[PDB]
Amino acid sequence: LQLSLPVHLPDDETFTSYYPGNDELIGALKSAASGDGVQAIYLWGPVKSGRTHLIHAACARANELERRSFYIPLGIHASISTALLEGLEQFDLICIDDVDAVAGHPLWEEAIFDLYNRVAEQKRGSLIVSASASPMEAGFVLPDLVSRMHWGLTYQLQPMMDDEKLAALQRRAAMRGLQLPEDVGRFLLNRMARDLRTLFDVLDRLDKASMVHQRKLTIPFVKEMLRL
């Protein structure tokens, strides 16, 4: 039987790389990640607003500081057990992405509530969760659970602006010292359905490919590397 799924933490998702109304939020996550923050943080916002990025960045920071993190993408609740939450309070940072994937589920709600209390009781670290709505609007039912969420810090992420994506791309390319012609950036942006996560995955592949082949990112080179 299959016991696990290999996962990885993208190395370009850090607090620095995040495209800059989000300041207090970052400081709270950094503090949590370092052992100096609140016991519970709840981050919410619309799809593609950067919830996963920021969770990844918190885990990255905790790892930097030789602190142990555990990440759960709760969107895949159909293939995992509430038993997974047991003993996680032994970690310095526990992150549950898309915790609202199980909103209204009596068994998951009780298990998560129990985890909140165990993390609090251990006093070593923090639980960070993300959702697409506030605690009182995401559909959580267990009143005690909603209380734990509401009593921690709660941050709303503002939506990413579609017309700011090119600026975000050129910034991320610059931070890599990757030369990206403006028009090639615009091509890539619009060929990737204007999806930043796809774009940034591609940017990483092109950065490596450019080094390997000692070539500039031209249209012919990008088409060849991406099979476009």
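Throughout, we count residues from 1 along the sequence that is shown.
Coordinates are given for every deposited residue between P220 and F221; the gap count there is zero. For the pair 169 to 177 and 53 to 61, the record assigns the higher mean C-alpha temperature factor to 169 to 177. Between 39 to 47 and 179 to 187, it is 179 to 187 that carries the larger average Cα temperature factor according to the deposited entry.
When the C-alpha B-factors of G87, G152, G104, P73 are read from the PDB record, the largest value belongs to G87. Set against one another, the Cα B-factors of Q122, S130, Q156, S126 in the record reach their highest point at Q122. Ranked by C-alpha B-factor against the other modelled residues of its chain, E137 falls in the highest third. Split the chain's modelled residues into thirds by C-alpha temperature factor. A193 is in the middle one. Among all modelled residues in its chain, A33 ranks in the highest third by Cα B-factor.
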